[PDB]
Every structure is written in structure tokens, then in C-alpha cells.
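Here's a solo chain for you in C-alpha cells, the form deposited in one PDB entry.
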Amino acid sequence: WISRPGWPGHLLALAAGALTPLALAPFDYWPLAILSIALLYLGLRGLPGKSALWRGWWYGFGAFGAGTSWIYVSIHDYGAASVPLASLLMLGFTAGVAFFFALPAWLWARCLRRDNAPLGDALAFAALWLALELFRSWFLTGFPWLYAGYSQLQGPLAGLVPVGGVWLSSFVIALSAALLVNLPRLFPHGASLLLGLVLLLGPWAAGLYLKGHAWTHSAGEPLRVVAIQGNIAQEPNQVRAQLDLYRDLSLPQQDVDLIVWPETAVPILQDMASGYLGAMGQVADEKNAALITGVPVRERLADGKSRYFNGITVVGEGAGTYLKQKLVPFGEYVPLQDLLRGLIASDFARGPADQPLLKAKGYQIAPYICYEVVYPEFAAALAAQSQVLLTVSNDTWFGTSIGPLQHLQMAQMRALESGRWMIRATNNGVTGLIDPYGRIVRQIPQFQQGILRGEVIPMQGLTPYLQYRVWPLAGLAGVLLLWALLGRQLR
């Protein structure tokens, strides 16, 4: 009755979708990520296109409702919203984002093969799953949240994360879930049962063997890191209060190499901060350290106009000013403003792709501002030809609940995916250091005014995911989606 249309199967997909947060942020129970995909694969078995779109919608409604439930905290606290209004707004987002799972489930019903399902279909569902995750990361601005692959960060597939990224982890989980469903119709046939076990067990044996493997060389003697966070919340009179606070926590520090300040640590633009940032560079020079801080960067145009960017700059022992490439749709700009800005009755602009890295202490550092970390293909380009990873972010916008913890799990994955140390400096949310294996070595408690002291090692060499990015896996997926497309076309 699970695979037959109507409500009984719809409501199973809700609870199946709702198991996504359990496999991910604090809980990290990875087996539940396999149940979610298996119950959806079995739930879609016999459905026509008319009701298969709604099973996928009811699965995404459960996944994004429970998994992104932190969004309700953002609407309530920082959106000045009452409980019934915030329940409605969160319900409007969840129902819209739930179509990321509705479309592929509908298209699945038109690529789905039950007759040869035992093997061809399990491979085809993994290919369909990788395709919808890749679709999520781009479609409008992208919504790369709740990927199945992040479940295995501390699990047995952590050896495949450096090989294939979060993509390969999600591919194996989707393949393994669909194979279990097809397993009882396998064993009567010895040949297909043996091949099904190599497809099921093969990647998990390879993942455990490759766990903790060092793909990246040691690049030199470690840099001593100092990260400053401060609890600024919704605050121009207090500009001088912030400049004093960040400086006063840096000056007593000694035996330092890197000093890292989170997103918009200096609230004034770097044009008006030239005297302050030069004075902080001299403070950094006598410590023989570099000061890496976020600042808004303004570009004067040829007209009487200005172009504002969300930047990160380095003074003292390092150089370069990086601008944020990809932004948040209604937080940092207005999409289709000539239309939607007349209906909104918001600031920044996009940064260039030809940007260089940030040089500090002679090493290269790949900057990431806010959630640019959640985009796996974009981060891999910066992580390559970079010795150290650094992310400068402001997590107060998410809220007090799960936002930073899910976001931090994605930042650990990028370090595991590149085999690089990451310096995560946040204004309120989790600040810490992450080793090449995705582990959190040092972290200061959130929602407090702390200082973090640590050591990161620059990393040389390269990771198989940084060499061949998702193309080889996405190519295999396109072939697996063709054999399913032509297998139905030929019948």
C-alpha cells in the first residue's frame, strides 16, 4: 500500500522526508538518511505522473519543513513576525522549496522502470538523486541545503568524500537505499544478486578503507591563529564601539601569525578606514602577523554612483582584497528589481570571477564570505591552488537554533573535500578550526564574546575531488539516466 496512490503513501513520505534533519546537524544518525531515500524510492514504485509529483512534494515538504525548521526562528526573531504570521511565512517557503523534490519524482515516473527495476532502476535512482541535488545548487540562486551526502561526514563514506565530494556520498546513499528495496526480488537469480552486492557493498568497503587517508602533503610549519568574535546584534553611532572592541581584543595577543575578523567586523567602508586599517596593520607587523578582516568595499563609478561589495581584506603581513561572488537573494540584493522592488515598497552587488586568492605569510588563502561555503563546485575552484581555507561569516541572520550547526557541517565537508585546514571566523555563530579530515579541533562557544587561539598547518598537494570535479560522476549519471530513458522508450 506504500507504492499505491492516495493519502496513505503521501503521509509516509512526510515522515520519510522529516528524517533528513536527524541524519545531519547535531544528531548525525546516518542510517536514517538511507531510510528516507529508500522509502521514497519504494513509495514511487507504481505511481503515474499525476500522483508521483505529489509524493515528491510531500517528501520535500517533510524534509525542508523539519530540516530547515531553523527558518522559522529567522522569521520570528529577525523578521519581527508574530507566531501565526511566522507559521504562515515559513509554511509558504517550505511548500515552494518542496518542488525541488516534486519535479524529479514526477520526471522519475516518466523515466521509471519496474520490469528491469532490480538493477537498472537502482542505478537510475542514484543518477536521478545526484541530478536533483545538482539542480538545487544552481536553479535560482541555488539552495544546497540538506544534501544526503553530509550525513557521512563522520560516517563510513567519509573516505569517498575526498574522492567524489558530497556528490559521491549522496550517490552511494541513494544507490544503496534503492538496492535494499530491490534486494528481495534479487536472490532467486544468482548472477544479478552477486552484481547487486558488489554495487551495494563495494562503495562502503572502499569508503572505510579510504577513511582518514592523507591526500594532501604537509606544506610547512603551522601558523598560530587568533579569531575574535563579538556579539554585535542589529548595530551608526556604535561604529566606534565596534572598532574599539575588535582592536582592544587584538592588541594584547602575542605569538600570533593569523588574526581573523568575521563578516563586516569593521562596519565602515575601507575608504574611510584607511587610517584605522593602516594603524591595525602596524599593530600586526610588530606581531609579525596578518590581519584578515571583513569590510564593505565601495567602488566609485564614472558617474555620481557607487558600487558596493561585501569584502574581506588583509593588512599587515598579507595583501589582497576579495569581493563576495554569489549573494543571498533578498538579503544582499533584489532579484528582478525593476519588477520586485516596486512590489517590495537590497544593497550589494556581485564580485568578479577572475579574482585572485588572499596572500598571507607567503601562503595562499581561499576566502569564503558567509554561505559561499555551501556551494561545493564553487568552493573547490578557490580551494585548489590555495594552501589554507578561510571563511568569514555572520551567522546572526540564521538564528539561535540549527542554522550555524548545519552550516558548520557543510564547512567541515569543504575541508574534507579539499584536504585543507579551514579558519572559520563568525560574528556570533560557531567559530573554530577544521583539519583536512573535516574534524573540528578548536571551537569557542557561540552567542558570547570570545577569543579563539589555535594552530593550522598549511596544506600542499591535491585531493581527487579537486582534480576531477563532479564531471566524471555527473557523466556516469547521464549515462544511467539514458539507459532508463531508452529502456522505457523501447518497451
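Counting begins at 1, following the sequence as shown. Rigid core: the largest C-alpha set superposing within 1.5 Å between the two forms.
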| item | value |
| --- | --- |
| Unmodelled deposited residues between residue 235 and residue 236, binned | 4 to 9 |
| Chain break class at residue 345/residue 346 - deposited residues not modelled | 4 to 9 |
| 401-409 versus 270-278 - greater average Cα B-factor per the deposited record | 270-278 |
| 124-132 set against 308-316, stretch whose average Cα temperature factor tops the other in the entry | 308-316 |
| Residue, from 416, 175, 75, 226, that the PDB entry assigns the highest Cα B-factor | 75 |
| Residue selected from 79, 212, 164, 144 by maximal Cα B factor | 79 |
| Relative C-alpha B-factor of residue 363, binned into the chain's lowest, middle or highest third | lowest |
| Residue 439 - which third its CA temperature factor falls in, relative to the rest of the chain | middle |
| Among modelled residues of the same chain, the CA temperature factor third for residue 374 | middle |
| Residue 324 - which third its CA temperature factor falls in, relative to the rest of the chain | middle |
| Among modelled residues of the same chain, the CA temperature factor third for residue 9 | highest |
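Not on display, but discussed next: the form deposited in another entry.
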{"item": "Core-superposed comparison between the shown form and the other one - Cα displaced by 2 angstroms or more, from 384, 89, 206, 132", "value": "89"}
{"item": "Large Cα shift (2 Å or above) at residue 76 between the shown form and the other one, core-fitted", "value": "yes"}
{"item": "Rigid-core frame, C-alpha of residue 288, shift of 2 angstroms or more between the shown form and the other one", "value": "no"}
{"item": "Rigid-core frame, C-alpha of residue 301, shift of 2 angstroms or more between the shown form and the other one", "value": "no"}
